[PDB]
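Text of query-v9.pdb (PDB, C-alpha atoms) as supplied:
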```
ATOM      1  CA  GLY A   1      26.063  28.184  -5.679
ATOM      2  CA  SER A   2      27.671  28.366  -2.244
ATOM      3  CA  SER A   3      25.183  29.596   0.356
ATOM      4  CA  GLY A   4      23.815  26.453   1.977
ATOM      5  CA  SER A   5      21.045  25.772   4.481
ATOM      6  CA  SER A   6      20.948  22.033   5.180
ATOM      7  CA  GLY A   7      17.807  22.521   7.246
ATOM      8  CA  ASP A   8      16.026  19.206   7.743
ATOM      9  CA  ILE A   9      12.703  18.745   9.536
ATOM     10  CA  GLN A  10      13.160  17.706  13.165
ATOM     11  CA  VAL A  11      11.200  14.447  13.080
ATOM     12  CA  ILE A  12       9.196  13.766  16.239
ATOM     13  CA  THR A  13      10.138  10.501  17.948
ATOM     14  CA  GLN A  14       7.101   9.238  19.858
ATOM     15  CA  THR A  15       7.819   5.694  21.035
ATOM     16  CA  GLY A  16       4.588   3.730  20.760
ATOM     17  CA  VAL A  17       4.078   2.548  17.188
ATOM     18  CA  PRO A  18       3.940  -0.877  15.487
ATOM     19  CA  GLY A  19       6.683  -2.189  13.222
ATOM     20  CA  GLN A  20       6.105  -2.459   9.480
ATOM     21  CA  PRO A  21       5.069  -5.974   8.375
ATOM     22  CA  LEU A  22       7.344  -8.476   6.636
ATOM     23  CA  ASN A  23       7.141 -10.620   3.501
ATOM     24  CA  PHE A  24       5.197  -7.837   1.784
ATOM     25  CA  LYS A  25       4.360  -8.627  -1.841
ATOM     26  CA  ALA A  26       1.657  -7.678  -4.343
ATOM     27  CA  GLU A  27       0.322  -9.908  -7.121
ATOM     28  CA  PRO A  28      -2.327  -9.204  -9.792
ATOM     29  CA  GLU A  29      -5.092 -11.610  -8.777
ATOM     30  CA  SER A  30      -7.097 -10.246 -11.708
ATOM     31  CA  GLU A  31      -7.281  -7.572 -14.407
ATOM     32  CA  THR A  32      -9.352  -5.362 -12.106
ATOM     33  CA  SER A  33      -8.365  -6.942  -8.790
ATOM     34  CA  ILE A  34      -5.093  -7.294  -6.886
ATOM     35  CA  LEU A  35      -4.144  -9.390  -3.857
ATOM     36  CA  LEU A  36      -1.652  -8.324  -1.187
ATOM     37  CA  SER A  37       0.332 -10.711   1.011
ATOM     38  CA  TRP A  38       1.934  -9.357   4.184
ATOM     39  CA  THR A  39       2.986 -10.641   7.605
ATOM     40  CA  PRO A  40       1.775  -8.852  10.765
ATOM     41  CA  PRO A  41       4.360  -8.032  13.464
ATOM     42  CA  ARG A  42       4.299  -9.177  17.091
ATOM     43  CA  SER A  43       1.965  -6.306  17.976
ATOM     44  CA  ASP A  44      -1.388  -8.076  18.286
ATOM     45  CA  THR A  45      -3.331  -4.847  18.800
ATOM     46  CA  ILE A  46      -3.886  -3.545  15.270
ATOM     47  CA  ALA A  47      -6.636  -1.214  14.059
ATOM     48  CA  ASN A  48      -5.964  -1.367  10.317
ATOM     49  CA  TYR A  49      -3.395  -0.943   7.546
ATOM     50  CA  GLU A  50      -2.736   1.995   5.222
ATOM     51  CA  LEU A  51      -2.612   1.281   1.487
ATOM     52  CA  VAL A  52      -1.296   4.368  -0.301
ATOM     53  CA  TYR A  53      -1.869   3.726  -4.005
ATOM     54  CA  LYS A  54      -1.592   6.074  -6.984
ATOM     55  CA  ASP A  55      -2.296   5.689 -10.703
ATOM     56  CA  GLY A  56       1.187   5.054 -12.059
ATOM     57  CA  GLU A  57       3.658   7.826 -11.269
ATOM     58  CA  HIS A  58       1.382  10.825 -11.816
ATOM     59  CA  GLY A  59      -1.350   9.226  -9.731
ATOM     60  CA  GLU A  60      -2.998  10.339  -6.496
ATOM     61  CA  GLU A  61      -1.893   9.008  -3.109
ATOM     62  CA  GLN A  62      -5.179   7.537  -1.882
ATOM     63  CA  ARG A  63      -5.553   5.574   1.354
ATOM     64  CA  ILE A  64      -7.841   2.582   1.883
ATOM     65  CA  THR A  65      -9.298   1.255   5.136
ATOM     66  CA  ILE A  66      -7.960  -2.302   5.258
ATOM     67  CA  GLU A  67      -8.835  -4.795   7.994
ATOM     68  CA  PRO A  68      -6.186  -5.677  10.611
ATOM     69  CA  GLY A  69      -5.236  -9.107   9.306
ATOM     70  CA  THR A  70      -2.584 -10.638   7.062
ATOM     71  CA  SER A  71      -3.921 -10.149   3.534
ATOM     72  CA  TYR A  72      -6.548  -8.119   1.679
ATOM     73  CA  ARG A  73      -8.363  -8.229  -1.662
ATOM     74  CA  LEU A  74      -8.512  -4.948  -3.581
ATOM     75  CA  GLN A  75     -11.004  -4.481  -6.417
ATOM     76  CA  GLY A  76     -11.886  -1.734  -8.877
ATOM     77  CA  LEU A  77      -8.802  -1.241 -11.036
ATOM     78  CA  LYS A  78      -7.894  -0.768 -14.700
ATOM     79  CA  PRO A  79      -6.521  -3.562 -16.925
ATOM     80  CA  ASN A  80      -2.936  -3.560 -18.197
ATOM     81  CA  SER A  81      -2.243  -0.585 -15.929
ATOM     82  CA  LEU A  82       0.478   0.154 -13.377
ATOM     83  CA  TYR A  83      -0.550   0.993  -9.813
ATOM     84  CA  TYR A  84       1.765   1.734  -6.889
ATOM     85  CA  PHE A  85       1.059   0.341  -3.421
ATOM     86  CA  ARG A  86       2.395   0.929   0.091
ATOM     87  CA  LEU A  87       1.399  -0.828   3.316
ATOM     88  CA  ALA A  88       1.781   0.659   6.796
ATOM     89  CA  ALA A  89       0.355  -0.701  10.049
ATOM     90  CA  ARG A  90      -2.009   1.802  11.665
ATOM     91  CA  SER A  91      -2.274   1.879  15.460
ATOM     92  CA  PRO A  92      -4.848   3.729  17.603
ATOM     93  CA  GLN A  93      -1.910   5.468  19.281
ATOM     94  CA  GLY A  94       0.066   6.487  16.211
ATOM     95  CA  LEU A  95       1.055   5.538  12.670
ATOM     96  CA  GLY A  96       3.872   3.038  12.232
ATOM     97  CA  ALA A  97       6.314   2.448   9.387
ATOM     98  CA  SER A  98       5.627   2.013   5.671
ATOM     99  CA  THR A  99       6.889  -0.980   3.693
ATOM    100  CA  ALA A 100       8.891  -0.762   0.467
ATOM    101  CA  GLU A 101       7.064   0.919  -2.415
ATOM    102  CA  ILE A 102       5.896  -2.002  -4.551
ATOM    103  CA  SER A 103       3.820  -1.969  -7.738
ATOM    104  CA  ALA A 104       1.814  -4.651  -9.538
ATOM    105  CA  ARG A 105       0.690  -4.870 -13.165
ATOM    106  CA  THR A 106      -2.897  -5.914 -13.877
ATOM    107  CA  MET A 107      -3.614  -8.828 -16.214
ATOM    108  CA  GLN A 108      -3.733  -8.111 -19.948
ATOM    109  CA  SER A 109      -7.447  -7.983 -20.761
ATOM    110  CA  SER A 110      -8.356  -9.299 -24.212
ATOM    111  CA  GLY A 111      -9.812  -7.055 -26.899
ATOM    112  CA  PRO A 112     -13.575  -6.620 -27.391
ATOM    113  CA  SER A 113     -14.054  -8.742 -30.512
ATOM    114  CA  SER A 114     -16.636  -7.040 -32.727
ATOM    115  CA  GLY A 115     -18.040 -10.060 -34.541
TER     116      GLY A 115
END
```
As C-alpha cells, please, write out the structure in this file.
Amino acid sequence: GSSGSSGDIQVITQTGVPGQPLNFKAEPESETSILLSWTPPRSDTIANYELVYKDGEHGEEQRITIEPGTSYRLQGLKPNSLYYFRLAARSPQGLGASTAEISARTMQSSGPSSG
C-alpha cells in the first residue's frame, strides 16, 4: 500500500577474495556428462571452485568440490534434461564472486529399441 521499509541487508565488505573467472561456458560433452570451460583470474592461489547446480528450476542448489584449474568434467546426469550451473572461485580466506547463471542441455539419448 504505502508503508514502506526498504531495508536491505548490510553486505559485509571483506577485501581479500578472488575475482570471478572469465570466458565461462558450459557444453554438453555427453548425455550424462557435461564439460565446463572457464578462465582463472590472476590470483594463482586457488583452493577450488564452487559449482552450484540444480535440477531445472525446481532443483536443489548442490555444490561440488572442483579442482583449482581451468576446466572440469562433470558426470552423473540425466539425458535430455536441463541443469543450471554456476561457477565461483573459492579461496582459503573467503568466497569470491559467482559467474553468470548458465545452463546446458544434455544430449538427446535414443530410445531403447525393443526388438
- Message: Applying 7 Å and all atoms listed in the file, which residues near stretch 29-34 of chain A remain after dropping the ones on its own chain fewer than 6 positions away? List them as a VMD selection string.
- Response: chain A and resid 73 to 79 106 to 109
- Query: Between A:65, A:37, A:85, A:104, which has the minimum distance to residue A:23 (counting all atoms listed in the file)?
  - Reply: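 Closest candidate: A:37.
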- Target residues per the PyMOL selection byres ((chain A and resi 100) around 12), formatted as a PyMOL selection string: chain A and resi 20-26+38+51-52+84-88+97-99+101-103
- Message: Could you tell me how far atom CA of residue A:61 sits from atom CA of residue A:90, in Å to one decimal place?
- Response: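 Between these atoms lies a distance of 16.4 Å.
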- Query: Near residue A:83, within 7 Å and counting all atoms listed in the file, which residues show up once chain neighbours fewer than 4 positions away are dropped, as a list in words?
  - Reply: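 Once the nearby chain positions are removed, what remains is residues 53, 54, 55, 56, 103, 104 and 105 of chain A.
Going from atom CA of residue A:43 to atom CA of residue A:91 covers 9.6 Å.
Our summary of the geometry notes that atom CA of residue A:71 is positioned 24.5 Å from atom CA of residue A:57.
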- Item | Residue among A:80, A:15, A:72, A:60 lying closest to residue A:111, counting only C-alpha atoms |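 Among the listed residues, the smallest separation from residue A:111 belongs to A:80.
When the PyMOL selection byres ((chain A and resi 68) around 6) is run on the displayed coordinates, the residues it returns are residues 46, 47, 48, 67 and 69 of chain A.
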